[PDB]
Each structure stands twice: as C-alpha cells, then as structure tokens.
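Encoded as structure tokens, the structure appears first; notes follow it.
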Amino acid sequence: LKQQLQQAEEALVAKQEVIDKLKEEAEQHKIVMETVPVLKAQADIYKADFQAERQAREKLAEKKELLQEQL
Amino acid sequence: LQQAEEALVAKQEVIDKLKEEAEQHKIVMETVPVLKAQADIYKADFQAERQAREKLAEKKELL
C-alpha cells in the first residue's frame, strides 16, 4: 500500500529538479535581456561619435584640399 | 497521496509557466548578437574616422 507515496515522492522531487532546472536557468535569461538597452546606447553613441568624426574631416578637407590649390 | 497528487498537477503548472515565459525571453536574445555587431562596426567606423580625422590634421602644418 506504499507504492504511491513512494512513486509520487520520487516524481515530486524529480519535478523539483526541473522547476530548479528552469528556475536559475531563468535568472540567466534575465541578465541578457538587460544588456539590450545598454547595447543600443553603445551603438548610438558610437554612431554619434562617428558622425562627429565624419563631419570633422569634411570640414578639414575643405580647408586643406584648398591649400594645395594655393602653394 | 492527496498532498502529492496535488503537486503533480500543481508543479506541472509552474513548469508550464516557466515553459512559455522562457520561449519569450528567447526572442530578444536572438537579436543581442546583431546588436553587438552594430556596436562593433560603429566603434570601428568611428575609430577609422578618429584616426583618418587625425592623419588629415597632419597636413595642416604643411599647408
């Protein structure tokens, strides 16, 4: 008469291993979707730093290509 | 068997919660690597210009 509280007890602890499998394996999935907002801010400032360098060479290509016209 | 058969029906819920809620968290993570390749190319495009904007500020002394 003990083939159920002996059957379920091994399955009730075999499930605590999957609510544990997915428990911590979910705090993993968190730390990642938390690098997306920052990973965008990085792309943004670099895109921005870059455009400042794009235009900071198109203003130093006018006052330089010119001096090779008057020498 | 009545506090257990109430957990192989109860803990089959939280494993379905953390089942779906996890397929969700998988879609974002898909993009993360592309989001890195963007940061990388911009960091690099910027570094290209950062340096080119310098080698071109090298010929301001001569002219």
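We number each residue from 1, going along the chain as drawn.
Positions of Cβ are set from backbone N, Cα and C atoms, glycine also.
According to Swiss-Prot:
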CROSSLNK  A:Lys2  ubiquitin cross-link
CROSSLNK  A:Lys15  ubiquitin cross-link
CROSSLNK  A:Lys15  SUMO cross-link
CROSSLNK  A:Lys21  ubiquitin cross-link
CROSSLNK  A:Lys23  ubiquitin cross-link
CROSSLNK  A:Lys30  ubiquitin cross-link
CROSSLNK  A:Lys40  ubiquitin cross-link
CROSSLNK  A:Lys47  ubiquitin cross-link
CROSSLNK  A:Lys47  SUMO cross-link
CROSSLNK  A:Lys59  ubiquitin cross-link
CROSSLNK  A:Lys63  ubiquitin cross-link
Proximal residue to A:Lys47 (ubiquitin cross-link) among recorded sites A:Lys15, A:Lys23, A:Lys40, A:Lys59, A:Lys63 (C-alpha distance): A:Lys40
Near chain B - the recorded sites A:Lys2, A:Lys21, A:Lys47, A:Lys59, filtered by Cβ distance under 8 Å: A:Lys47
Nearest of the recorded sites (A:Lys2, A:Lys15, A:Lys63) to A:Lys21 (ubiquitin cross-link) - Cα to Cα: A:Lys15
Spatial separation of A:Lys59 (ubiquitin cross-link) from A:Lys23 (ubiquitin cross-link) - C-alpha basis, Å: 56
Distance [Cα-Cα, Å, rounded] between A:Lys40 (ubiquitin cross-link) and A:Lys59 (ubiquitin cross-link): 29
Separation of alpha carbons, A:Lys59 (ubiquitin cross-link) and A:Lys2 (ubiquitin cross-link) (Å): 87
DSSP-derived class (H/G/I helix, E/B strand, else coil) of A:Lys59 (ubiquitin cross-link): coil
C-beta crowding around A:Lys2 (ubiquitin cross-link), within 10 angstroms: 8
Separation of alpha carbons, A:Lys30 (ubiquitin cross-link) and A:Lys59 (ubiquitin cross-link) (Å): 45
A:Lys15 (ubiquitin cross-link) CB neighbourhood, other CB atoms within 10 A: 18
Candidate with the highest Cβ count within 10 Å, taken from the recorded sites A:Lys21, A:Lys47: A:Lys47
